[PDB]
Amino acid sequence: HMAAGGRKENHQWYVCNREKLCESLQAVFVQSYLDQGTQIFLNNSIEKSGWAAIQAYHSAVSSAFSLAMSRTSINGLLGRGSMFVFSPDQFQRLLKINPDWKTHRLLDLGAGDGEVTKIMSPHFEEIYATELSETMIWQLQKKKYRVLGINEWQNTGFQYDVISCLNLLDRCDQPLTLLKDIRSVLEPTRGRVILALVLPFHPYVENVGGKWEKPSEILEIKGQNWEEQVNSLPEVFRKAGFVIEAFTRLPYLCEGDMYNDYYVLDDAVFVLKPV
């Protein structure tokens, strides 16, 4: 719920100009709100930023070893900087599942430290993940997720019931190939893909020492505001054999530091079905 005079509801994290969406997307937009689970993440992040000596240690390690490791690997080494895309309630409302729904296999590509994976994981018997960061792989293994190689998951001899690709397409080297690979191993009668993308779309591949490279493949995501860039995605997904079943606008939240209690980016989050 939200009202025009509701205070501290951060409406700009969730609302969009629905008339700017193409009419086929207007029909499958799902309104999200600043809900209980989101406030638990935020309150937890505010508390973490209050622990000055922890923040100072993290900043000293980050300062000293940033030339030798990626920012992602430093965060995984420290178990810091965890993120949030959706609460369990938001996830269930987007996928249209009840809180007790379960299926067989989840694959979370580019799973990071697994703290977003953990929101989805109660709905699955087996959880698989991929990651390029060595310390994030350790974080995923502590959560007992089965980490597959980045060219292994396509070749296991089984299919996946949900594949999640959250905030990966703007950070991987071959995003069109990734989307095609996802389509090729999704269980086709009932499988769904959960996909999240930060808009405005700005892709690069993370390297060590705050450096980066341009990706080798181009996603044709274009537009002058959030709505317009979402409007370009149906064609991108169609090229990979997907149509949008539902989508929503959600803040991509991140734990903070000494300066800010948390950080925010603007996620567009989609449920895709194979077509």
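The first residue of the shown sequence is 1; numbering continues from there.
A summary of the deposited B-factors shows that, of 244 to 252 and 220 to 228, the stretch with the larger mean C-alpha value is 220 to 228. Between the stretches 233 to 241 and 42 to 50, it is 233 to 241 that shows the larger average CA temperature factor. Of the candidates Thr189, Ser82, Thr117, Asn167, the PDB record gives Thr189 the highest C-alpha temperature factor. When the C-alpha B-factors of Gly76, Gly110, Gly157, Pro175 are ranked from the entry, the top spot goes to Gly157. Per-chain ranking of the deposited C-alpha B factor places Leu272 in the middle third. Among the modelled residues of its chain, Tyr263 has a C-alpha B-factor that falls in the middle third, as given in the PDB entry. The PDB entry assigns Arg71 a C-alpha temperature factor belonging to the highest third of its chain's modelled residues. Remark: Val185 belongs to the highest third of its chain, ranked by C-alpha B-factor as recorded. Among the modelled residues of its chain, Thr103 has a C-alpha B-factor that falls in the middle third according to the deposited record.
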